[PDB]
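Peer 1: Take this structure, written in C-alpha cells, and hold onto it; I'll ask about it next.
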Amino acid sequence: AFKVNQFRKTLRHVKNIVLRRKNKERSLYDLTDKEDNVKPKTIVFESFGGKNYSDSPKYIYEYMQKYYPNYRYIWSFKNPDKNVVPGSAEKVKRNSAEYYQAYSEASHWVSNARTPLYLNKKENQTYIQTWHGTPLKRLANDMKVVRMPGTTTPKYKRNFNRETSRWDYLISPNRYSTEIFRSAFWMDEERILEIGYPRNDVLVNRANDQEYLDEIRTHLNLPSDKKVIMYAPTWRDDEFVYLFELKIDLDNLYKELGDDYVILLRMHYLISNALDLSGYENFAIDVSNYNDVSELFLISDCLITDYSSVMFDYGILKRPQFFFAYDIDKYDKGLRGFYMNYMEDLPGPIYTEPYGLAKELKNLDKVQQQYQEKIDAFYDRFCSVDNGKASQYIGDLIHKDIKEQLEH
Amino acid sequence: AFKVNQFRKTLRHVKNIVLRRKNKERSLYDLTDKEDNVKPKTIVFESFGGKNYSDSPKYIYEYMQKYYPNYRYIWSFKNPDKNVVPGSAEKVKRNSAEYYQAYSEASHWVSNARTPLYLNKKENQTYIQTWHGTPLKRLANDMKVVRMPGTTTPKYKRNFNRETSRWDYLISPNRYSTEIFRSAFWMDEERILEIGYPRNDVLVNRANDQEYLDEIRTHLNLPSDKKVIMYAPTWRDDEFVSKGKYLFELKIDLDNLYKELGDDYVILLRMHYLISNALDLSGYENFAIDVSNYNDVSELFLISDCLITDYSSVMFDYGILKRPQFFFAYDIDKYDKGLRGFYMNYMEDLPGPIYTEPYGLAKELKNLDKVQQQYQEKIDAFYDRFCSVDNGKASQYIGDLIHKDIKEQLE
Amino acid sequence: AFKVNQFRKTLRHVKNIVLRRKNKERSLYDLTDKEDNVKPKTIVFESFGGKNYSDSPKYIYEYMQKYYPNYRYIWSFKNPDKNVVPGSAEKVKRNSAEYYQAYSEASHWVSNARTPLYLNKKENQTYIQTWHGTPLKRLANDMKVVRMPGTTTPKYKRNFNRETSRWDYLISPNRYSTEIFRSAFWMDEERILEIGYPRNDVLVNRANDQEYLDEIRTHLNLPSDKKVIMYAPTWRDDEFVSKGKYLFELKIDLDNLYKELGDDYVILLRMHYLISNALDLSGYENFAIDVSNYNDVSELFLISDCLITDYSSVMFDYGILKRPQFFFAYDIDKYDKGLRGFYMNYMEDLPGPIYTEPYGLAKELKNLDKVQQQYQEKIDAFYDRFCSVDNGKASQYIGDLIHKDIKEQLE
Amino acid sequence: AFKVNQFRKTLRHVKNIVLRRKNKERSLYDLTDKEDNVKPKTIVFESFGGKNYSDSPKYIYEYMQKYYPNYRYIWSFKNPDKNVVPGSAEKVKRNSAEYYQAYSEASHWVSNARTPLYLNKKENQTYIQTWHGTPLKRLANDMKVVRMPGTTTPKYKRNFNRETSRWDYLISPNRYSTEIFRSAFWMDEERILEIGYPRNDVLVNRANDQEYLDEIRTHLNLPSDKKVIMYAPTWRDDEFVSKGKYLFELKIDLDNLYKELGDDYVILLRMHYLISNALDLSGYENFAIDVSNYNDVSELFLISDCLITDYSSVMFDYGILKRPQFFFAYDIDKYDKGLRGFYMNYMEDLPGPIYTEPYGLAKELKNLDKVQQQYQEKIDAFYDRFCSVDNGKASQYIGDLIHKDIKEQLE
Ligand SMILES: [Cl-]
Ligand SMILES: [Cl-]
Ligand SMILES: [Cl-]
Ligand SMILES: [Cl-]
Ligand SMILES: [Cl-]
Ligand SMILES: [Cl-]
Ligand SMILES: [Cl-]
Ligand SMILES: [Cl-]
Ligand SMILES: [Cl-]
Ligand SMILES: [Cl-]
Ligand SMILES: [Cl-]
Ligand SMILES: [Cl-]
Ligand SMILES: [Cl-]
Ligand SMILES: [Cl-]
Ligand SMILES: [Cl-]
Ligand SMILES: [Cl-]
Ligand SMILES: [Cl-]
Ligand SMILES: [Cl-]
Ligand SMILES: [Cl-]
Ligand SMILES: [Cl-]
Ligand SMILES: [Cl-]
Ligand SMILES: [Cl-]
Ligand SMILES: [Cl-]
Ligand SMILES: [Cl-]
Ligand SMILES: [Cl-]
Ligand SMILES: [Cl-]
C-alpha cells in the first residue's frame, strides 16, 4: 500500500520549501488537496488567465449576484489591486496561497479560457468552460503545425486535450461551432451547451436602452454629432520592428470621414502604447484598454476588422461590417486555414486597400442595403441562437447544481 | 486518502539523508519495508546483540546446516570480520544496508536477547526468542526500580513489553521459568516452548565424548594430570576502581588457592571483560587460566569438575551435569540481607554450600569426592527442579519447527 | 548555502502544516524568530503561566501604566476572554500567532513563574523573573528525589537549569532567599535584585488606608463589627478522594469555631481550587466565607487580623504586617519526623505557636491581643529576618529598571 | 552547510532508490562523480552509441593495443555479450554501475558520435570526437527545421551545442568539413584535428595487400572470377510499408542487373537493417549478396571495383580509392528539386554520373574501364577536394596524442 504519488508530491514540496522556490504554494496545495476541501457554495471566476474582470464570466457572475447573493464568490486575477469587482466577491492573486485555497474549495469553476493543469479538477467539482468566441482560424486538435517555443505540435495537443477533458460543460454559440468544438476540443456533444455567450447578452437585451448607450458614450468622451466606426484588427508578428502609423491611413480617414465620424481603435496592448494620436483628438480614440468590448459594439455604427472572431459577436446587431484584409496575400493564398469560406460568405466587402474602404464608409446606408441579404444570412448562421438569456442559463444551472450538493 | 504514517517516514528519511546522518540506512529501511520483501527460505541469527557467534542461536544454526543446507542463512554481528561462522551463512554488519535487508527479507528471526524496536516484525515474520537463562534475579515486569540513566521505570518497562509482544515463540528451561516468564515478560503460555536450551544440548549429548572433551582441554593448554575448577563471579559495580588500570586481587585469593590446590587442580577464571584484561596472572601460569574470551561457555562446563559462582543463572545450566557447586557469596551482607529480589530462596535450595569466606572453600575443594557425597541429595533435587527438561534435543526441536514453518509457507 | 539548524526547523514546520498539528503556530515562530523583530517599547506580562492577571507582574504593570503610559503593553493568558486587565494593554492567547509575535517582539519579559523553553529568549531581550515567594520547601537543584511521572530527577533539573539560565534578573525578598536562590536556581548574585515583592507593596503602603480596606471588605460582604481570621492550608494528596465529589470536613472544625468565635470573628477559607468547590458551607453563612477564587491575595492579608496556615510560603508575606500567625500542623508527624526538607528550622523560629489539635487554637483566638503580646518577640524576629527588605517600592524599582533599559535601546 | 546543487541530486537519488527506478545507477553516479575519480591510464571507447565495435574508435583502439598494451582499455556497448572485442579491453553495458565507473574514471573518452549529456565530462578529462563522415546533408546548427517528435528545433540545437562544447578534439577529414564543423558544431578551429579518419586508414595502407583482400572475399563466399559492385542507398521513409514484411524489390531492378552484369559481376547490397531482413535474395544466389550486417564497411570498400549510391557521406570515404562511382538518384525530383539542403553542389561536383533510371546505369557498368577513363577528370577533382588528407596515419596520430596526454597526467 505504498502511495507512490503521495511520495512524489512530498519530495517535490520539500525541494520547493528548502530552495525557497515561489512554487512552494503550489506543491503544498498539491500534497494536501482533498475532495473533502470542497464547499458547495463556493464558486470561482477567472477571465483570460486572470487579466480582466470581463466578458462571459463577468456576466455570469453579475447575474448570480442579483439572484443568488448568499453563495461565496471568488475572482482570480494576476493583480487583484488593479481590478475593480462589484458585489460580494473576494479577489485572490494568482499563485498565492489563497488562489490555491479558492480552487481547492470551489464546487464550480467558471472561465472563458484554459486554466492551468497544475490545478486539480476533482470528480467533486464542476468546471464550466464558456470559451471566448466562434472560431474562425483552426485551433486545438484541428491544427497542422505549431512551432511554438518550448513545445512540439503533439505535446501541445496532448496538453490541450488534457485540459478539455476536465471541461464538464462547454458553452456554444452556434451549430457550426459545436460541430467544430466536437472535433477540435475532443468534446462529447452531451457536454456542449448551445446557449449563446453570456457576454453577448447585452447585444440582445440592451440594444435600445438609450440612457445606457449615452453613458458608454460620455465615459469615452465621444462627440455628440458623430457616428462611430470601430476598427479591431488582429495582432500580427510581422509588423513588430515608434510604429509606422496604422495601415488604414489615419490621415486619409480624417480628411475623408472626420466630418461624419469618430473612429474607435481597438488594438493589441502592444500596438496601443506605440500609437501616437496627436493631431487626431475627437476623431481617433484609443480604446484598447477599455474593459468591456460588448459595450463598444453596442455604440458602434459599423465595425472594421480583418480575421477576428469578433465579427461573429458584433454580427448579432445586424449592422454593417468591412474587412480590411490588407495582408490577405501573405495569408496562404487559397487559405483553408479558416473553418469557413472567407472569400465568399462574410457580411461585408473585402478591401485590401484602405482608400476605397473610406469612400464606401462615406455613406453607410448604401452599404446596409447593399449587403442586407449577406448580413441577414450571417445573422442566421452564427447569431440565430443568442437569446440574451445565456447568463441566466449558466447562472441557474450552477444554483441547481449546488442545491443537489446540499442534500445527500 | 492521505497516508500519514508514510509521510512521516518520508520526512524522516529526507532529514537523515540531507544531514549526512548514519541512521539514513534505518529510515530508508523503514520507508520501504513491505510484507512482500519476505522470502520464506531466509533465516537471520544473532546472539547477544551481535557480540558473538555463540549460545543457543549458534546451536540452532549448526543443526539446520546438517539437515537443511537448502535454506539461506544470515548472521548479524557488530563486527563481522572478527567472527568466524562455520557453514554456508552470510554475515551482515549491524546497522548496515545488508543488515536491514536481512531483517526485511527473513521469514524467521532467531535470537537470545532483545532485538531493536526500530526493526519491524511483520505479521509475515516469525520471531523466535530463546532468551539466555533460567532467571535468578527478578527482571522486566517484576523489577521495582530501574534508576537506569535517562529512562524511568514505567518507560523502561513499556519498551520491554513492546519487545516481548513481538516474540512469536519463547524457549523455556523449566516450569519455574515458565511461571516467571509468564509474568515478567507478559507472555501468553500458548507461546512458551518448554524444551530446554539448544545451548545445553551438549551438556546432555556429549558429557562422555572423551575425544571431544580433549580437544577442549588441549585448546586451552590444560596440563594433563590436573582436575578443573571453574570460577564465574557476576559483575559487581562496587568493585570498579581507578580507570580499571589495576584491580585488587580477586577476593577468592589465588595465592592461597595455588598453595592449597596448586598441585592437583587448575582453575579457570571466567570474569567480566573489564576484570579480565586487568588481571595479572604473573606467577600463576599453568594453575590460573583466564578463560573470559572463550567462545563457548558450555564447553567449559563439560571439562569442569566443579563450578564456583555467586549469583548467576549459570548455576542452572551447570546443574545438568550433577557435579559439585560452590557459592562464594563473600558480599552477601550488601545484597539486602534477607533478599527476595531473587525468584528462588537463595538461602535454602541451591545445590551447594554458601561460603562467605574463601579459605574454608579451599579446604573443601581439597577432597571433591566428599563434597559430591555430602551434597548429593541437594544436587539431585536441584537437578529435578531446574534441569529435568533438557533432552539435549532442543536445537533439533527449533530447527524442525523452522523448517516445518517454511514448508507451509511455500504454498 | 543552507544552514542545518534552519533545515531542521524547516522540516518540522512542513510536518506541522501538512499534518494539521496545532503546534504549527510554534514551528512558524521558531522559523522567523530573528533578533530584528524586537521592538524596544514592547513589554509582555504573565503571571502563573497565564492563569491570571495577578501577583507581582500585576503590580509592576499597574505602576508602569501610571508613569509610562506610552509603551506597548501585552498580557498573555490561557483564556484571555475570562480575564479583565485594566489600562492600555492588549491581551494574547497562549500558543496563538499573537502569543508568539508578542514574545518575539518584546524587549522585556515580565513574569513570576517558569516560562516555556520553546520560547526564544534572545541576547536582544531582557527576561525579568520575579518568582513568587520566599521558599520554605526545597526546590529545583535542592530537591533530593522527584518521582514525578514521565520524567527523571536529572532531566528535570537539567530543564529547570535551562530556564533559570535565561533569567536576566531575579527578584529576592530577603538574604535567606538570595542565599537559597544562588544554589537552588544556579544563579549569580550579580543577577539578583534584593528589593522585595512588588505584590507585597500594598502591605507596606496601604495597611492604614481605611477606604481601601472598606472596598475589599464590602466586596466580600463581610459583617461590620466582626474581626477577621484567614485560613490557608497547603494542599495534601493524602486527602483527595471520591473523584473529589464529597470531602471530609476540614480538620479545623467549623462547628467548634462557629460556636467559639462566631460572634467576634468571621473566617476566610483560602483553599486549593479542588477543595474549594467540594466544601459545602451551608450552615455557616456570614461566618465562614469561601475566598479561594478571590483575584488578589495581598488584599486578603490586608483585611486579616491573623493568619492560620501550616507549611506555606504565605507566612513570609503576611509577616510584613507583624500580626499573629498560627500553624495548625495536624499531620506534622506524617511530614518526615525531623524533616530538613525545609530550609528553615520550623520547630523553632516561626512567628506563632504550632497547634496539632484545632481546639487549643480555638481557645487562643478568643483573645487576639494576648497572642500579639505573647509572641511580639517572635513576630519581630521573623519580621527582621524575612520581611525587613520590603520598601513598598518594588514595582517602582522594576518599572524604572525597564524604563531605563528602553531609553538605551532607543539609539 | 549544504550546497544547492548537491541537494537537487540528493533528492533525485532518493526518488530513484525508493521507487526502484533503473536510473538509480545514474543518480548515484551524479552524486559521487568527483574530479578525483580519474585514473590517468583509463581510456574509454564507444562507437555509434554502443551498437558496435567499429569504425574510427575501433582503429584508434587497435593501434594503441599494438603499441601501448599496458593501459586500462574499456569498451562500451548496449549489449556487450553480442560484441567481440580483440585484445586486452574489458567491456561494459550502457547504464550499469560499471559503465558509470568507466566514464568517471577515464582520463580520455574516444567516440564517433554524440555521447549522453548526463555523463559528466570533467575539466579533468579529454573527450576526443572523431565523428563519422564528411557531411553532405546539413546538420546541427545549420539545419533549418526539425519537426522530430519530442523536441523543438531550438531545444535540439541547444542540446547539440551543449554536447560539442564538451569536445576537446574533433577530427576533420578535409578543409571542406572544417569550414562546416566550425559553423554547424560551434567549433573553434583550434580544436579541429585535420588528420583524416582512422576508419579510412586501410583505404590507404592496404589497397594492395592481396593476402588481405583475399581474406575478406573468402569470408563472404565471393565467386573467384567475378568483379564486385557495391550498392549503398540511404534509407528513405517513403519506402517502408505493410509492417515492413514484404518490400517492393529494389528500384535498381535485380533481375535486369543479373541478365546484364551476371556473367562478370557480383553485387554487394548494403541496405538499412530493416530492409535487409525484408529482401528475398532467393534466385540471385552468387550474384546479389546481402552485406548489410557486415561489421567493417571499409573492408567492403577495399574489395569493391565500384560503388553505387545516392545521397551519402560514404562517397567521400570511397573517394580515397579513386575508383568509379555512380549516383542512382531515382527520386532526385522529390528531394527539393534544386536542393541546397546539401553543403555541396550535387548536380555538379561529384565523381560519377547521376542516373534516374537503372537501365543506363547497368549498360554503363558493363565496361568499367570506359567509365574510369571517361570520368577520371571528375574522380581526381573529387579526390583532391575531399580525400587528399588521409596519410593512413590517423589512428596513430590519435593514439600518440592520448599517450602524450597521459605521460604528463602521470605526476
Ligand atoms: Cl458550503
Ligand atoms: Cl496585486
Ligand atoms: Cl477585443
Ligand atoms: Cl509521502
Ligand atoms: Cl524464498
Ligand atoms: Cl568489521
Ligand atoms: Cl566466517
Ligand atoms: Cl588474585
Ligand atoms: Cl558466562
Ligand atoms: Cl549554495
Ligand atoms: Cl550549518
Ligand atoms: Cl514543533
Ligand atoms: Cl519600538
Ligand atoms: Cl512613556
Ligand atoms: Cl479566551
Ligand atoms: Cl514555575
Ligand atoms: Cl532560550
Ligand atoms: Cl515558593
Ligand atoms: Cl521536565
Ligand atoms: Cl538567614
Ligand atoms: Cl467542613
Ligand atoms: Cl535521474
Ligand atoms: Cl592511472
Ligand atoms: Cl548483454
Ligand atoms: Cl559535461
Ligand atoms: Cl573545399
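Going from the start of the chain as shown, residues are counted 1 onward.
Per the header of the entry, the method used was X-ray crystallography, 2.7 Å.
Placed from the backbone N, Cα and C atoms, the Cβ positions cover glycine too.
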Peer 1: With D:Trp131, D:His132, D:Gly133, D:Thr134, D:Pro135, D:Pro233, D:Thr234, D:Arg270, D:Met271, D:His272, D:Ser312, D:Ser313, D:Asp317 listed by Swiss-Prot as CDP-glycerol-binding, which of these, D:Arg166, D:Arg199, D:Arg206, is given for the same site?
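Peer 2: Record source Swiss-Prot; matching candidate: D:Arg199.
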Peer 1: So what sits near D:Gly133 (CDP-glycerol binding site) in its own chain, CB-to-CB under 8 Å and at least six residues off in sequence?
Peer 2: D:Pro173, D:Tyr197, D:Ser313, D:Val314, D:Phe316, D:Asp317
Peer 1: Which entry in the list of binding-site residues, D:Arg270, D:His272, has its Cβ near the fewest other Cβ atoms, using 10 Å as the limit?
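Peer 2: With the binding-site residues D:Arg270, D:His272, fewest surrounding Cβ atoms within 10 Å: D:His272.
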Peer 1: Considering each pair of residues in D:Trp131, D:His132, D:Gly133, D:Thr134, D:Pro135, D:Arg199, D:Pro233, D:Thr234, D:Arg270, D:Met271, D:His272, D:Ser312, D:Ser313, D:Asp317, all listed as binding CDP-glycerol, report the largest CA to CA distance in Å, no decimals.
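Peer 2: Result: 21 Å between the two most distant Cα atoms.
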Peer 1: Under DSSP, is D:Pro135 (CDP-glycerol binding site) helix, strand or coil?
Peer 2: coil
Peer 1: Same chain only, sequence gap of 6 or more: which residues have a CB within under 8 Å of the CB of D:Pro135 (CDP-glycerol binding site)?
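Peer 2: Spatial neighbours, sequence-distant, of D:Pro135 (CDP-glycerol binding site): D:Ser177, D:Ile180, D:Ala184, D:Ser313, D:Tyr343.
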Peer 1: Tally every other Cβ atom lying within 10 Å of the Cβ atom of D:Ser313 (CDP-glycerol binding site).
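Peer 2: That number is 18.
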Peer 1: Any same-chain residues 6+ apart from D:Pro233 (CDP-glycerol binding site) with CB under 8 Å of its CB? Would you list them in sequence order, or say none?
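Peer 2: Once residues fewer than 6 apart are set aside, D:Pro233 (CDP-glycerol binding site) is near D:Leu250, D:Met271, D:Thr309, D:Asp310, D:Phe328.
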